[PDB]
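The chain below stands alone, shown as structure tokens; this is the form deposited in one PDB entry.
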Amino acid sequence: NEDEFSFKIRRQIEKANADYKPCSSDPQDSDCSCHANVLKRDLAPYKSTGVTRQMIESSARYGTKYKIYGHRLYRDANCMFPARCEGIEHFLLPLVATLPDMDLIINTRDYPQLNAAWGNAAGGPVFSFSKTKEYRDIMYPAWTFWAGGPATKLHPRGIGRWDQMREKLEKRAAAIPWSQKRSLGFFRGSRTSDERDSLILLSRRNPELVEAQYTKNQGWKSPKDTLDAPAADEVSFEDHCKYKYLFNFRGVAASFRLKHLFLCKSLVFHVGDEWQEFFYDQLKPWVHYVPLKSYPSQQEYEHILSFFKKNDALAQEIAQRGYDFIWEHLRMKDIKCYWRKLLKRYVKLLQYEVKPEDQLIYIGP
């Protein structure tokens, strides 16, 4: 029972790491190639035909229209999530001086808009932060790298400033080395997907193995939203770093939690393989994190945690590699250069002359 499980996991690790190649030839990644496979694949469906004015007009209903015209940024007066628009504009504004004209339909909702099962009116292009293979949306780095992530008591203006968070977590990872971290699974978040339930229920049954509790979010409607338990308090990202085993789950779409967990130098257990952000493609299972299939069972959790508790040096190696990947390849520089490379490749697809539109408002610079 235990032996078979061990063999399976160690085989998967050996294979993953034998096959692994770095996302760039040099670690500094001067040419911004680390995450380039994703933007290429996201833009590929538009390569043969390009993007017509009609496609843009047709896509406009699916997000917030941005227009770069004459090195000035314009936008719909109405942004559905103003704080997210601010986060996005932090990255667009510095690039507008050296970018050609383009129209961008940028979805600021959590969920992507262009279902590839549907067809035609949902041909795009539309930009969204998160997608699966079911959606045609082009991924962009989320607003929250600067501003407008979820608001909580510890982050009342919304989780943001990834630059500051990186330094905070680097320092905290240094303060709580592997050997001093608690040998327990940890999760503290809200019920944004029922994929999270079995971990919380396991914790209730076996708190010595897992410390997982549901917080309340702003969409709370009934006790069912915390599986009938009193809502737990928010725990800072810094305080996650006291635990060896950190769990991440999809939410509405992908979760902003994931990137934070790596910078604790804890072993990240990432549940599900569908929901993406732009950088997930180069996070490789068994190299940087422990993958679990969607809707894990309590018995699966018990087996995988027992395995890593008994193979502690192996656990630390993976945790270290995950830390190093986010440290080296999810810098602010990586976010900014991805935006730039994305937009420069996109504009080449346009098969029409961008014209001004007077109903749009001036954003900057």
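Counting begins at 1, following the sequence as shown.
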Mean B factor on CA atoms, stretches 99-107 and 245-253, record says higher is 99-107
Using the B-factors recorded in the PDB entry, average over the C-alpha atoms of 256-264 and of 118-126, then report which stretch comes out higher. 118-126
Based on what the PDB entry reports, which of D31, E300, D334, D324 has the top C-alpha B-factor? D31
Candidate set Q218, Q180, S190, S198 [ranked by C-alpha B-factor, highest]: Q180
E167 by Cα B-factor - lowest, middle or highest third of the modelled chain: middle
Sorting the chain's modelled residues by C-alpha B-factor, tell me whether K153 ends up in the lowest, middle or highest third. highest
Once the chain's modelled residues are ordered by C-alpha B factor and cut into thirds, is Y46 in the lowest, middle or highest one? highest
Hey, what third does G63 fall into on Cα B-factor, ranked over its chain? middle
Pull the Cα B-factor of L209 out of the PDB entry and bin it into the chain's lowest, middle or highest third. middle
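Keep in mind that the form solved in complex with a small molecule is missing from the display, and what follows is about it.
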So in the bound PDB entry, is the small molecule close enough to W178 to count as touching (4.5 Å, heavy atoms)? no
Do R188 and the small molecule come within 4.5 Å of each other in the bound PDB entry, heavy atoms counted? yes
Contact with the small molecule in the bound PDB entry for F256, defined as at least one heavy atom pair within 4.5 Å: yes or no? yes
Report yes if any heavy atom of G124 sits within 4.5 Å of a heavy atom of the small molecule in the bound PDB entry; otherwise report no. no
All of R196, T215 and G251 within 4.5 Å of the small molecule in the bound PDB entry, heavy atom check: yes
Scan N206, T192, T132, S183 and let me know which has any heavy atom within 4.5 Å of the small molecule in the bound PDB entry. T192
Heavy atom within 4.5 Å of the small molecule in the bound PDB entry - residue from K265, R75, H270, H240: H240
Listed range touching the small molecule, judged in the bound PDB entry by heavy atoms within 4.5 Å, from 285-293, 112-120, 85-93, 256-264: 256-264
